[PDB]
Every structure is written in C-alpha cells, then in structure tokens.
Amino acid sequence: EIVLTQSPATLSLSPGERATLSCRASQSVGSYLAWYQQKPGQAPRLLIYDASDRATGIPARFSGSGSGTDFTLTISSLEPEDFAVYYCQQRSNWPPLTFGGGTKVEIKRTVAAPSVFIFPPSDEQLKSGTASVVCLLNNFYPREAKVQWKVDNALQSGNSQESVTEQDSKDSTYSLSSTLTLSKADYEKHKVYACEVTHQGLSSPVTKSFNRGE
Amino acid sequence: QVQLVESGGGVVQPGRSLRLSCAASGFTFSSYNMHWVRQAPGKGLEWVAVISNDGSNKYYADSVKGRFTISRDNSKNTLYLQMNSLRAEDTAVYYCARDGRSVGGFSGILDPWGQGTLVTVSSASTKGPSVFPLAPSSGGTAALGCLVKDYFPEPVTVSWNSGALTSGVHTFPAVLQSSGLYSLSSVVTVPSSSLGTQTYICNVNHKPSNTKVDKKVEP
Amino acid sequence: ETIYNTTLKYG
C-alpha cells in the first residue's frame, strides 16, 4: 500500500498565524492527494482535492500544493475554528485507499508547569476490596508530561492508566489523570505511595506522596 | 442537502455479528459509489470497503477481508456493512462516505461523510458505576473529585452542583481496564477556604444502566 | 457539482 507520512504530528500556533502542514508519500501519487479536516467530535470534511483544488464552500485561506511524493496544506491565517486535526489521503493506487496519520493544530501558549495532587483510595472503595490511587496534573502546557508511580520507592511500570483532557477553552492548558490500581491486600502491604511528575516547566520533578493510614 | 446517517452501532461480543446501515438522502443514491471508513478510539482514519453504484464491484481492506461484506439496497437508499467474526480491534466509529462522481469507475474522493456509528466489541455486560470520593487533602487552591469506577458501556456524564459549578472542572476521558470495565475521574479545583462552607456534589449519570448518583465530597 | 477523474475502473 501507499504509506502517507504527516509532519509534524502536532503544530502549535496562535490564531492569525500561518500554518503549513506536510504530507509525504512512499511513492509518487501524482497529484491524487486530498486533505480532510476533522473538528473535535465531528466527522471528517473534505478541504482540498487533487493537491491544490478547494472543495465547495471551503474558505480561501486554505490552499494546497505539491505533486509526486511531497505535499503541503497551508492555512494563511488561522481562525479559531481551524484548530483541528488534518488528514491527507491518496487515491492514486488503491485499494486500499490510505490516509496519513494526521496532524493536530493546537493553540500555542507559554509553558505552564502542572499543579500536582495525589488522592489515596477512599475508605468506601477499600471496603469493597480494591484500591485506586489517583494522581492529578492540573492545567499544564505543553502536553508532554511524565508520571512515575512509586510504591515504597519501587518504580511501578505497566500497572497504571492515564488520560488527558482536550486543550482548555479558556487558558489552552492540558490536564492529566493517572490511576494506579492494586488489590486491597497488596495496598495494605506497602506504606509510601508517591506520584512523581516530570515536565519541561518544572526545574526538577515534583513528587506528591502519602503514607497509608496517616 | 446531501445527508448520510449511520445506524446500528452497539456492543457486540467477540466472534459474533452486527450489521450497520447508512441512510442516504438529498441525492440520487443509485448514481454514486459508497465507502465505509472507521476510526478506532483516539486513532486515525482507516478505509474499510467500497461498493459500486450498482452493487456489482466491491473492495475491502485486508484487515476485514473474509469477515465483512458491503452491500446496498438502492430502492431503499440504504448502504449496509455486514460484520462477522468481530474482534476487539474492530472497535471504532464507522462512517459512511459518498464516493465523488466520476465516469467509468470509482474516484476515491470521500464527500460527504455521515456522523458515524459506534461499534464496541466486548464481552462485558451493562453495569452501573461505583462513585468514590477524591477527597480534598492554606489560603490557596484545593483539588477534589469523584472516581467513577467499573461501569460498562460508555458513556457517563458528570456535572458538579447540578451544573452550578463549572469553573475549574476537568472530567477526563475514561480508560478501559483489563476487566473490560471503564473508569473515569472528574475533578475540580476550588479555594481552600471554601472547603468548610461550600458543599460539593458530583452528579453522575450512566444512562445505559439507568444509574444516577449524587455524591457529596467532603474533606 | 464537481466531476472527478476515475482512479479505479469498474470491472
């Protein structure tokens, strides 16, 4: 199949700035390259087809160019509604029709270090027989962050799950929640529960911890 | 006025079958080839299948060959996707999309797309959540929340103080546990000085199980 | 409406 590679994976820009998105094909697709926009919570929408032709009703700020293996999508001046995900798609050699992996256009802002909070399992949950420890990283930017769980100073790996909010509508930050899950029996075998947070806005990692039963 | 409306998505057990429908309006359905495309949670777009205007020419992604069948009923303006031997990896929103008009074949231009229908491949049974407090631990800012644990299927909604509290609220995407049940947290940051005076209640609604919970969260 | 080039012929 034709492999399409989109770079960068994330573009961080301010409204009103020019946006340039790249798509590269593993072999020539001629001009048979289209671009789709996917806004949060919506289906994709055709923007550009045949490398450079705007679809019906697409504003003039969207343009495309390229042939062979190298293509670009340009938004001359970003509007608020343009912060979205963009996919390229080739129709030169198919089946299968193939898509690039997508480029997210996000709002750029100043670096913000997370505020960190740790929550022990509730007594209510412990009565039911399980223990969830939660670590919250609140309102940080950019989205790259690392959570390291430690249990009596043993680094935990593979036994936690995390998720991240979409960019905040007011301050353009992200937030992250991580849950470490243990049986009640294993939870009661250890004392010190710690969430260690690394982020480029922190001069050194921030650790929030508690001692079980205090 | 071209419109495509998918239906039929739901929970289906691994190895079982499900048929999706796409109802077309606002154009001459029999004149157009039609596609299915899918999008796994948090992932990109994957083309699934195409069918010619008259139903005679069909093609499929390698990942669904031998398991999925595309078909259409032009008299009913409906496109179908019969999905057999479903696998966890088939979990996705499924979109129908109209193939751009061309002479003598398929174009491979997808325009427009429907709103999608969600297929969840799972052995889990419907189960309402347990709702546990994330209790606040200075003249500064405190965090508190609700852990909405062990429910199935998605989705759940969470509000705070019946919608009166929205500033500083973060309700996170659920995660799928190895049990096959989901877990979600919803938090809010508030003034530490408010903890003795202000009541904080998270309002959880898991509509698939008709389960509503109002959970007061106290220090 | 737009008429596109065919990229996959019918059988």
# chains A, B, ... in the order shown; residues from 1 in each chain; ligands from 1
call {"tool": "residues_around", "arguments": {"residues": "residue 113 in chain A", "least_positions_apart": "5", "cutoff": "9 Å", "atoms": "only C-alpha atoms", "output": "VMD selection string"}}
result
chain A and resid 138 to 142 199 to 202
call {"tool": "residues_around", "arguments": {"residues": "residue 214 in chain A", "least_positions_apart": "3", "cutoff": "12 Å", "atoms": "only C-alpha atoms", "output": "ChimeraX atom specification"}}
result
/A:120,191-193,209-211 /B:137
call {"tool": "closest_residue", "arguments": {"among": "B:67, B:58, B:127, B:76", "to": "chain A", "atoms": "only C-alpha atoms"}}
result
B:58
call {"tool": "interface_residues", "arguments": {"of": "chain B", "to": "chain C", "cutoff": "6 Å", "atoms": "only C-alpha atoms", "output": "ChimeraX atom specification"}}
result
/B:101-102,104-107
call {"tool": "closest_residue", "arguments": {"among": "A:163, A:77, A:22, A:92", "to": "chain C", "atoms": "only C-alpha atoms"}}
result
A:92
call {"tool": "residues_around", "arguments": {"residues": "range 61-68 of chain A", "least_positions_apart": "3", "cutoff": "8 Å", "atoms": "only C-alpha atoms", "output": "PyMOL selection string"}}
result
chain A and resi 25+27-31+47-48+51-54+58+71-77
call {"tool": "closest_atom_pairs", "arguments": {"of": "chain A", "to": "chain B", "cutoff": "9 Å", "atoms": "only C-alpha atoms", "output": "JSON lines"}}
result
{"residue": "A:34", "atom": "CA", "partner": "B:109", "partner_atom": "CA", "distance": 7.7}
{"residue": "A:42", "atom": "CA", "partner": "B:115", "partner_atom": "CA", "distance": 6.8}
{"residue": "A:43", "atom": "CA", "partner": "B:115", "partner_atom": "CA", "distance": 5.5}
{"residue": "A:44", "atom": "CA", "partner": "B:113", "partner_atom": "CA", "distance": 6.7}
{"residue": "A:45", "atom": "CA", "partner": "B:112", "partner_atom": "CA", "distance": 6.8}
{"residue": "A:46", "atom": "CA", "partner": "B:111", "partner_atom": "CA", "distance": 6.2}
{"residue": "A:49", "atom": "CA", "partner": "B:109", "partner_atom": "CA", "distance": 7.7}
{"residue": "A:87", "atom": "CA", "partner": "B:45", "partner_atom": "CA", "distance": 8.1}
{"residue": "A:89", "atom": "CA", "partner": "B:109", "partner_atom": "CA", "distance": 8.8}
{"residue": "A:90", "atom": "CA", "partner": "B:108", "partner_atom": "CA", "distance": 8.1}
{"residue": "A:91", "atom": "CA", "partner": "B:108", "partner_atom": "CA", "distance": 5.3}
{"residue": "A:92", "atom": "CA", "partner": "B:108", "partner_atom": "CA", "distance": 8.5}
{"residue": "A:94", "atom": "CA", "partner": "B:108", "partner_atom": "CA", "distance": 8.3}
{"residue": "A:95", "atom": "CA", "partner": "B:59", "partner_atom": "CA", "distance": 6.9}
{"residue": "A:96", "atom": "CA", "partner": "B:61", "partner_atom": "CA", "distance": 5.8}
{"residue": "A:97", "atom": "CA", "partner": "B:47", "partner_atom": "CA", "distance": 6.0}
{"residue": "A:98", "atom": "CA", "partner": "B:47", "partner_atom": "CA", "distance": 6.8}
{"residue": "A:99", "atom": "CA", "partner": "B:45", "partner_atom": "CA", "distance": 6.5}
{"residue": "A:100", "atom": "CA", "partner": "B:44", "partner_atom": "CA", "distance": 8.1}
{"residue": "A:101", "atom": "CA", "partner": "B:44", "partner_atom": "CA", "distance": 5.9}
{"residue": "A:102", "atom": "CA", "partner": "B:44", "partner_atom": "CA", "distance": 6.7}
{"residue": "A:117", "atom": "CA", "partner": "B:143", "partner_atom": "CA", "distance": 7.1}
{"residue": "A:118", "atom": "CA", "partner": "B:137", "partner_atom": "CA", "distance": 8.6}
{"residue": "A:119", "atom": "CA", "partner": "B:134", "partner_atom": "CA", "distance": 6.0}
{"residue": "A:120", "atom": "CA", "partner": "B:134", "partner_atom": "CA", "distance": 7.8}
{"residue": "A:121", "atom": "CA", "partner": "B:134", "partner_atom": "CA", "distance": 7.8}
{"residue": "A:122", "atom": "CA", "partner": "B:133", "partner_atom": "CA", "distance": 6.4}
{"residue": "A:123", "atom": "CA", "partner": "B:132", "partner_atom": "CA", "distance": 8.9}
{"residue": "A:124", "atom": "CA", "partner": "B:132", "partner_atom": "CA", "distance": 6.8}
{"residue": "A:125", "atom": "CA", "partner": "B:132", "partner_atom": "CA", "distance": 6.5}
{"residue": "A:132", "atom": "CA", "partner": "B:147", "partner_atom": "CA", "distance": 8.9}
{"residue": "A:134", "atom": "CA", "partner": "B:134", "partner_atom": "CA", "distance": 8.2}
{"residue": "A:136", "atom": "CA", "partner": "B:187", "partner_atom": "CA", "distance": 8.5}
{"residue": "A:138", "atom": "CA", "partner": "B:189", "partner_atom": "CA", "distance": 8.7}
{"residue": "A:161", "atom": "CA", "partner": "B:175", "partner_atom": "CA", "distance": 6.9}
{"residue": "A:162", "atom": "CA", "partner": "B:175", "partner_atom": "CA", "distance": 7.2}
{"residue": "A:163", "atom": "CA", "partner": "B:173", "partner_atom": "CA", "distance": 5.9}
{"residue": "A:164", "atom": "CA", "partner": "B:172", "partner_atom": "CA", "distance": 6.4}
{"residue": "A:165", "atom": "CA", "partner": "B:172", "partner_atom": "CA", "distance": 5.7}
{"residue": "A:166", "atom": "CA", "partner": "B:172", "partner_atom": "CA", "distance": 8.9}
{"residue": "A:175", "atom": "CA", "partner": "B:170", "partner_atom": "CA", "distance": 7.5}
{"residue": "A:176", "atom": "CA", "partner": "B:172", "partner_atom": "CA", "distance": 7.6}
{"residue": "A:177", "atom": "CA", "partner": "B:172", "partner_atom": "CA", "distance": 7.0}
call {"tool": "closest_residue", "arguments": {"among": "A:4, A:116, A:185, A:33", "to": "chain C", "atoms": "only C-alpha atoms"}}
result
A:33
call {"tool": "residues_around", "arguments": {"residues": "range 156-164 of chain B", "least_positions_apart": "4", "cutoff": "7 Å", "atoms": "only C-alpha atoms", "output": "list in words"}}
result
residues 200, 201, 202, 203, 204, 205 and 206 of chain B
call {"tool": "atom_distance", "arguments": {"atom1": "CA of residue 103 in chain B", "atom2": "CA of residue 22 in chain B"}}
result
23.8 Å
call {"tool": "select_by_dssp", "arguments": {"residues": "chain A", "states": "helix (DSSP H, G or I)", "output": "compact mmCIF listing (two decimals) with N, CA and C atoms, in the first residue's frame"}}
result
# COMPACT_ATOMS: atom_id res chain seq x y z
N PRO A 80 -10.12 30.59 14.81
CA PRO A 80 -10.34 29.68 15.95
C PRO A 80 -10.87 28.32 15.54
N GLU A 81 -11.77 28.29 14.56
CA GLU A 81 -12.35 27.03 14.10
C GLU A 81 -11.36 26.14 13.37
N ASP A 82 -10.16 26.63 13.03
CA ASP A 82 -9.18 25.84 12.29
C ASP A 82 -8.31 24.97 13.18
N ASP A 123 -11.99 5.18 51.83
CA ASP A 123 -12.42 4.10 52.70
C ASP A 123 -13.55 3.30 52.06
N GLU A 124 -14.47 3.99 51.39
CA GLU A 124 -15.58 3.31 50.72
C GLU A 124 -15.07 2.28 49.72
N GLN A 125 -14.10 2.65 48.88
CA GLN A 125 -13.58 1.69 47.91
C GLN A 125 -12.86 0.54 48.60
N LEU A 126 -12.11 0.84 49.66
CA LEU A 126 -11.37 -0.20 50.37
C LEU A 126 -12.31 -1.24 50.97
N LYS A 127 -13.49 -0.81 51.45
CA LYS A 127 -14.46 -1.78 51.96
C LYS A 127 -14.89 -2.75 50.87
N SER A 128 -15.01 -2.25 49.63
CA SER A 128 -15.41 -3.10 48.52
C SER A 128 -14.29 -4.03 48.06
N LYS A 184 -6.65 -4.65 47.42
CA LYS A 184 -6.62 -4.20 48.81
C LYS A 184 -5.49 -4.89 49.57
N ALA A 185 -5.29 -6.19 49.34
CA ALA A 185 -4.25 -6.91 50.06
C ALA A 185 -2.87 -6.37 49.74
N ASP A 186 -2.60 -6.09 48.46
CA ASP A 186 -1.30 -5.54 48.09
C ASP A 186 -1.15 -4.10 48.57
N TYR A 187 -2.24 -3.32 48.51
CA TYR A 187 -2.21 -1.95 49.01
C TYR A 187 -1.81 -1.92 50.48
call {"tool": "closest_residue", "arguments": {"among": "B:139, B:180, B:5, B:169", "to": "residue 195 in chain B", "atoms": "only C-alpha atoms"}}
result
B:139
call {"tool": "select_by_dssp", "arguments": {"residues": "range 86-208 of chain B", "states": "strand (DSSP E)", "output": "number ranges by chain"}}
result
B: 92-99, 105-106, 110-113, 117-121, 130-134, 141-151, 157-160, 169-171, 175-176, 182-191, 201-206
call {"tool": "residues_around", "arguments": {"residues": "residue 123 in chain B", "least_positions_apart": "6", "cutoff": "8 Å", "atoms": "only C-alpha atoms", "output": "VMD selection string"}}
result
chain B and resid 12 to 14 180
call {"tool": "write_last_selection", "arguments": {"atoms": "N, CA and C atoms", "output": "PDB file, in the first residue's frame"}}
result
ATOM      1  N   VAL B  12     -21.167  -5.611  20.818  1.00  0.00           N
ATOM      2  CA  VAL B  12     -21.254  -6.926  20.194  1.00  0.00           C
ATOM      3  C   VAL B  12     -20.118  -7.782  20.742  1.00  0.00           C
ATOM      4  N   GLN B  13     -20.415  -9.049  21.018  1.00  0.00           N
ATOM      5  CA  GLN B  13     -19.415  -9.933  21.592  1.00  0.00           C
ATOM      6  C   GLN B  13     -18.397 -10.370  20.536  1.00  0.00           C
ATOM      7  N   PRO B  14     -17.138 -10.561  20.935  1.00  0.00           N
ATOM      8  CA  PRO B  14     -16.139 -11.109  20.008  1.00  0.00           C
ATOM      9  C   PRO B  14     -16.638 -12.387  19.354  1.00  0.00           C
ATOM     10  N   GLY B 180     -12.340  -5.151  31.362  1.00  0.00           N
ATOM     11  CA  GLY B 180     -13.352  -4.813  30.388  1.00  0.00           C
ATOM     12  C   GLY B 180     -14.325  -3.747  30.838  1.00  0.00           C
TER      13      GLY B 180
END
call {"tool": "residues_around", "arguments": {"residues": "residue 11 in chain A", "least_positions_apart": "3", "cutoff": "7 Å", "atoms": "only C-alpha atoms", "output": "list in words"}}
result
residues 8, 104, 105 and 106 of chain A
call {"tool": "write_last_selection", "arguments": {"atoms": "N, CA and C atoms", "output": "mmCIF file, in the first residue's frame"}}
result
data_model
loop_
_atom_site.group_PDB
_atom_site.id
_atom_site.type_symbol
_atom_site.label_atom_id
_atom_site.label_comp_id
_atom_site.auth_asym_id
_atom_site.auth_seq_id
_atom_site.Cartn_x
_atom_site.Cartn_y
_atom_site.Cartn_z
ATOM 1 N N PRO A 8 4.539 18.119 11.062
ATOM 2 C CA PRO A 8 4.820 17.396 12.304
ATOM 3 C C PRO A 8 3.532 16.749 12.786
ATOM 4 N N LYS A 104 -2.282 17.427 14.232
ATOM 5 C CA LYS A 104 -3.118 18.242 15.096
ATOM 6 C C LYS A 104 -2.580 19.667 15.130
ATOM 7 N N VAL A 105 -3.454 20.635 14.874
ATOM 8 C CA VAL A 105 -3.115 22.046 15.029
ATOM 9 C C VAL A 105 -3.693 22.501 16.363
ATOM 10 N N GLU A 106 -2.813 22.812 17.317
ATOM 11 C CA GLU A 106 -3.211 23.216 18.659
ATOM 12 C C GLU A 106 -2.805 24.661 18.910
#
call {"tool": "atom_distance", "arguments": {"atom1": "CA of residue 10 in chain A", "atom2": "CA of residue 90 in chain B"}}
result
26.4 Å
call {"tool": "decode", "arguments": {"residues": "chain C", "atoms": "C-alpha atoms", "output": "short mmCIF file (atom, residue, chain, number, x, y, z; two decimals), in the first residue's frame"}}
result
data_model
loop_
_atom_site.label_atom_id
_atom_site.label_comp_id
_atom_site.auth_asym_id
_atom_site.auth_seq_id
_atom_site.Cartn_x
_atom_site.Cartn_y
_atom_site.Cartn_z
CA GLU C 1 -21.13 19.61 -8.91
CA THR C 2 -17.52 18.52 -9.28
CA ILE C 3 -16.74 15.62 -11.63
CA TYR C 4 -13.53 13.86 -10.53
CA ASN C 5 -11.16 11.66 -12.50
CA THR C 6 -11.70 7.91 -12.19
CA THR C 7 -8.79 6.20 -10.41
CA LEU C 8 -10.20 2.65 -10.18
CA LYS C 9 -12.19 1.39 -13.15
CA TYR C 10 -15.28 -0.77 -12.89
CA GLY C 11 -14.86 -4.42 -13.81
#
